[PDB]
Amino acid sequence: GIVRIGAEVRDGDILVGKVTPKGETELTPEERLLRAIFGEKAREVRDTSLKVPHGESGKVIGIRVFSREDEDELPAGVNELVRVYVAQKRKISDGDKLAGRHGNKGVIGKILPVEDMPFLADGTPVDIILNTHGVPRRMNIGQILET
Amino acid sequence: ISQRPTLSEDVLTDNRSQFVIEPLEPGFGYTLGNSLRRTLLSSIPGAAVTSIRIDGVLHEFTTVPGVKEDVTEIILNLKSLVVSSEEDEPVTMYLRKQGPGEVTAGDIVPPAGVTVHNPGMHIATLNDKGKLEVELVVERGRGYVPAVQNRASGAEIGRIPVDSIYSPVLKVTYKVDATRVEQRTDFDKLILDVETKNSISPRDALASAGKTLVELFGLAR
Amino acid sequence: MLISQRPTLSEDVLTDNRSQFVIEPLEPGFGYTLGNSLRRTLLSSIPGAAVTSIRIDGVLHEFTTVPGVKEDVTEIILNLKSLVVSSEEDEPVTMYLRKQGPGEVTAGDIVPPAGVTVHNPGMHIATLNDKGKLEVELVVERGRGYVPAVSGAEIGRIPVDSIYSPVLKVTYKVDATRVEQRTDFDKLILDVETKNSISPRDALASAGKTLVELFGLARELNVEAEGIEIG
Amino acid sequence: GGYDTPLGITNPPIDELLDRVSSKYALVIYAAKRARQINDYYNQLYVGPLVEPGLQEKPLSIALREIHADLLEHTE
Amino acid sequence: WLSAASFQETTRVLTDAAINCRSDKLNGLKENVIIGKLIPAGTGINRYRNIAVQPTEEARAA
Amino acid sequence: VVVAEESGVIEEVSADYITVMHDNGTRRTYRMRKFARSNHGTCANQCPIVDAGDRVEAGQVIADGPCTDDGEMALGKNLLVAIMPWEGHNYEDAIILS
Amino acid sequence: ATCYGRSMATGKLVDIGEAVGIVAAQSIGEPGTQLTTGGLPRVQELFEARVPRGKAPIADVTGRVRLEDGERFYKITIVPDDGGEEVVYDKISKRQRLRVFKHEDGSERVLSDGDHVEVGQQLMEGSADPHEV
Amino acid sequence: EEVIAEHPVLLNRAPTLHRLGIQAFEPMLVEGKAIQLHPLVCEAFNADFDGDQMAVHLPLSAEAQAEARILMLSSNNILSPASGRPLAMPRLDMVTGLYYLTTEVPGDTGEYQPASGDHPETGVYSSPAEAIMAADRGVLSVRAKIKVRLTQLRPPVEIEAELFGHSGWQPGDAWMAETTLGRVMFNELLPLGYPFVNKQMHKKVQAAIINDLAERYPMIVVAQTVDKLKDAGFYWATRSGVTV
Amino acid sequence: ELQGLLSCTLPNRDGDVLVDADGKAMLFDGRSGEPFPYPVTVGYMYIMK
Amino acid sequence: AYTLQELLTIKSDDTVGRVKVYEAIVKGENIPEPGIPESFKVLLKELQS
Ligand SMILES: [Mg+2]
């Protein structure tokens, strides 16, 4: 019931499946029908699986598991304990925060295609366009000298 | 006043050439050179690696025994691969290496129609205990496309999608010379400098750009 | 290399001499690629006829006041640069304008030689008071775009600014349209105001033909896969 | 009559709408109750829309266009 | 007293309100905010909040 | 960053570990934190910067950790910058990137 | 609405339901971060109607003034012109100057003993108590 | 995008110092994870882009949507409720742009000449379109003084009183103006029928023009004029050459 | 010393000095194509994520 | 006023109003009338304590 190493999990995918015993008063109307028509086992279970939170995605790069079956120490009343490690490669985006070393911070408002950037006489396009009106009033002229 | 424009090539290296277009209206050089530069940097067809499968790994964030680099660094090194394909269809190259040495792009066996233009490009360095075995899917496309996740494909787990930088042109600039005599005959001479990634010649890239631009401007009719 | 969703060219007719064309949808980046090129082509590549120089009677050294009329020299030069003329022969054809009666000299009072045409004969030109005599020469040439006044070598003749271009004012703007799932696609909007020599449709068609022939020079270097969108 | 064709949410100019009513709050409740009427009508098939709606026009936009056309009464 | 209890010195206000057996008439925007009632200002006053709207007959015909 | 505790010669170098044979005959091996999560979710990934034959001195950097390049704190990138407004996209401290 | 006047936001006469009290509180508080007795402390001193430090008393009634010069402290007595009795403002600070008010003859000058004083005239420089006003 | 159409949202930036700290906007879907904020509402929110965040609230009831579209709509609150001065006013970059656009440079390219000698006047143009054509070539500078025949712009008070008298100027009636092409392009942004402003656009003058447009014109026309000025000032700000 | 170094900047591969002794350069607008009217300070700045 | 009431009743703690709001939006019906904020009940219970 654990996700496989190397799986690319999306927003809401199941990482670890886990069921919980349910009382005979918590069942939904659609649940009582399926329990009564089939006469299933007394182990009525609710789905409490570990799912991916919103805004998360990536490859499962590692799994660690602890069980009472082994000598693994756990707190009182905890049978099994599983950790899944998810890695994501974040490229630079709109809204990401950049800063020099002179207190010149700002968020990315626009990523332009390489052909849109102002380019030097030999065709080399500039990489980052910093607005002029910031430099003189913030009293950090070193950022110009560093340039 | 009337004289049709003429395009003359002037090579500098095997993968860099200038192109002169002399009889253009005044003020008309910069915009034409810039349209050509946009098309060159944007929509020139090429080929690159789509996905890779390394034997003994399931994701990028791991190491291979005996290799000095990790899989992430190996993929960053493979980013510099220049390759050309005539198949226009997902094809597969292979790479196997054993024992001490330096795995370079020359160690790759491309199929028919696929050629690797920089055999000396460093990929990995292997020691006594090192063995590397990589499958590389090469596809033919244009522009830039980010790695296609295994949800949008029927791809199984071992497949490692990779960013594909399809553009084969390297650097494009232009320069106009404005002849504005005291008489009535003024004209700009455009000089477009094109450098490609050794996969195609500047002549072919400029030809593709010209075809794309002609097809586009044919709309106003 | 692959095929692209074919852009369409919609036209909206604001007035008879002014229109708005919409090319959409374009692949990201091609809006500004086609825009400045089409603008410069429309403005400075369509051939047309225009006034080059004038010789006004009664004044050859002064050039400030014309006796017998209400307007001065410079306003005459202004509203003569607005004259819409089209010629057939590529040679500097000369026309004459004369009037004696106290009234208004318009563009219908000009005697147009064979091969030239005045498209706005109702345009006001000058006002003659009582006993007002008006006699002016007009040189017409075929050129492209806009050329400033190039002279001397004979008194009385003054060069003017030759607005050869049959289009008058062109602007363009690139908006963001979405094909499907992609909100960054380009949409080009041209606004073209021309004379009454040719409609905006004909001006755009001529500019497109010119640019097709131009980039044909780059096409002629090889036959390589490129972006195809026909059909 | 010296403004360009409005876009989206400003489909009727706010000033022409403010002419029909005494103040802004009155117009707010005006359009809100008319939109509730329109939505009840759409749920039953009660007075239907007095102007041809757009393809998928929100009831509030329909109500605003109706108030702009002087098609509704109002008693404070 | 509900308005004053939420501003400052809640203990003193509540004690003096209990002793004086105060009764809040529940009229004032802050109190309506607390109890969840339309505040008596703006669109909440009875002038605008109670409006009869009905289409005309000339429009019901068209 | 990984630092040589004693002079010697690299006996073996892998993405996993770097082992150096000292001069007295003893060997020292340094394992590499590879794609390790930090307290704040950033990635601690060490890379060897020496090759199989190299002789290293005591105090020399053998591997580069996070935000390090050849032994120096490398917290950012050298970007080609032009100081100018650009169609109001860099307006009010915003930044435009190629 | 007519006593209030124009709505600053809308430019027209203020509407009915407008809660101009909150608008006023926000308009007074919003630029408060720019202020530097002092600055904002004086605003709080006034809005709370606290007895200001550096109090400058005012005159209770029209009368003749008698200001006794003292090195350490001043003292003032007023004899009313209406047939009244002496009012005593006393124990003034030597660190406080005297108000330069335009007397009845018209000439503005420093506070001169033995001259006419109107009602509510500020006796010294500084800030007056609004309760006394 | 179908259910988003004409359904306003509320944007808020803490600290909410005045009521303008919450404004209603029409949402348009944007690729990415960042809210796009109009550059003219930054004065009201005290918002910059040094890492600021904002909150989005979705009105559900018909009354709430009505209050958003009418009371709290962005383009309906242009003036400060505290002082009546404009807040949705061109700020630094747009200022710099329009200031550069309307400055007058003595001796610039294509500047007007007194026509002394056998050579007649040169800095005269039949229409602003001809001046645009001359600026396409290196012939005319945008900040160069010239004389133009204008047919779609209202002349100043004195000039309209002298050349047209009692009968007001009408769209189409031409007149001669001694200005720069930049000031012609600036006044093309202002509403049709506004008296021509032949000045160098300091921020004070822009504040004055918008104060007048508020005092006399409808709110929507002001909301459109400020957008036109925004676009113009952003275009001409990069081409002004302000660098450190 | 910094002002002095901007003068003897080595040229690019083609022998062109791209940055003058003021630290500015002539850039082209990759959108319209026309060059920007005035020189702009370009250089290399250390930017952090 | 109505926005303020909606924000403070059927978006925070009107335990029946929020479910009725979900039902009305899912069925295109008009948004119901606000109820009584549960926090006000809790305040009353704390004062009684
Ligand atoms: Mg901030």
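Residue numbers (the UniProt record's numbering), protein chains in the order written: chain A, 788 to 934; chain B, 3 to 223; chain C, 1 to 150, 155 to 235; chain D, 27 to 71, 78 to 108; chain E, 1220 to 1281; chain F, 641 to 738; chain G, 976 to 1011, 1025 to 1121; chain H, 488 to 731; chain I, 984 to 1032; chain J, 1082 to 1130. Cβ coordinates follow ideal geometry from the N, Cα and C atoms, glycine included.
Tell me, please, whether the CB atom of residue i is closer than 8 Å to any CB atom in chain J?
i	result
residue 62 of chain D	yes
residue 547 of chain H	yes
residue 489 of chain H	no
Taking 7 Å as the cut-off, is the CB of residue i close to at least one heavy atom of ligand 1?
i	result
residue 537 of chain H	yes
Would you mind working out which of the options sits nearest residue i, comparing C-alpha positions?
i	options	result
residue 992 of chain G	D:50, D:63, D:71, D:62	D:50
residue 31 of chain B	C:226, C:233, C:218, C:224	C:218
residue 1068 of chain G	G:1082, G:1060, G:1052	G:1052
residue 880 of chain A	F:731, F:738, F:733	F:738
residue 212 of chain C	C:2, C:45, C:109	C:45
residue 1246 of chain E	E:1236, E:1260, E:1268	E:1260
residue 45 of chain D	H:504, H:603, H:617, H:706	H:706
residue 703 of chain F	F:664, F:662, F:669	F:669
residue 119 of chain C	C:126, C:113, C:107, C:130	C:107
residue 851 of chain A	A:859, A:845, A:876	A:859
residue 492 of chain H	D:29, D:87, D:108	D:87
Per DSSP, which one or two residues make a beta bridge with residue i?
i	result
residue 124 of chain B	B:106
residue 703 of chain F	F:642, F:688
residue 683 of chain F	F:677
residue 105 of chain D	E:1273
residue 544 of chain H	H:497
residue 1068 of chain G	G:1051
residue 1110 of chain G	G:1046
residue 620 of chain H	Its beta-bridge partners do not exist; DSSP assigns none.
Is the CB of residue i under 8 Å away from at least one CB in chain H?
i	result
residue 1027 of chain I	no
residue 1102 of chain J	yes
residue 78 of chain C	yes
What in chain D is Cβ-close to residue i, meaning under 7 Å?
i	result
residue 1109 of chain J	69
Determine whether the Cβ of residue i lies closer than 8 Å to any Cβ atom of chain C.
i	result
residue 617 of chain H	yes
So with CB distances below 7 Å, who are the chain G contacts of residue i?
i	result
residue 1271 of chain E	Chain G residues near residue 1271 of chain E: none, gap ~18 Å exceeds 7 Å.
Let me see if you follow: with CB-CB separation under 8 Å, is residue i close to chain I or not?
i	result
residue 36 of chain C	yes
Taking CB distances under 8 Å as the criterion, tell me whether residue i reaches chain D.
i	result
residue 1274 of chain E	yes
Give the residues of chain H in contact with residue i, contact being defined as C-beta atoms less than 8 Å apart.
i	result
residue 162 of chain C	607
residue 1090 of chain J	Neighbours of residue 1090 of chain J on chain H: none; closest Cβ ~11 Å, over 8 Å.
Let me see if you follow: with CB-CB separation under 8 Å, is residue i close to chain A or not?
i	result
residue 537 of chain H	yes
residue 1016 of chain I	no
residue 44 of chain B	yes
residue 195 of chain B	yes
Can you pull the chain G neighbours of residue i, defined as C-beta to C-beta under 9 Å?
i	result
residue 506 of chain H	984, 997, 998, 1001
So residue i contacts chain A; which residues on that side make the cut at Cβ distance below 8 Å?
i	result
residue 677 of chain F	872
Please compile the residues from chain F whose C-beta is within a distance smaller than 8 Å of the C-beta of residue i.
i	result
residue 1023 of chain I	722, 723, 724
Hey, does residue i have any beta-carbon neighbour from chain B nearer than 8 Å?
i	result
residue 687 of chain F	yes
In chain H, which residues lie less than 9 Å from residue i when you measure between Cβ atoms?
i	result
residue 1112 of chain J	547, 548, 549, 550, 551
For a cutoff of 8 Å on Cβ pairs, would you count residue i as touching chain E?
i	result
residue 55 of chain D	yes
Flag residue i as yes if its beta-carbon sits less than 8 Å from any beta-carbon of chain F, otherwise no.
i	result
residue 731 of chain H	yes
Can you find a CB in chain L that lies within less than 8 Å of the CB of residue i?
i	result
residue 96 of chain C	Structure shown: chain L not included; protein chains present are A, B, C, D, E, F, G, H, I and J.
Strictly below 9 Å CB to CB, what residues from chain B border residue i?
i	result
residue 908 of chain A	175, 177
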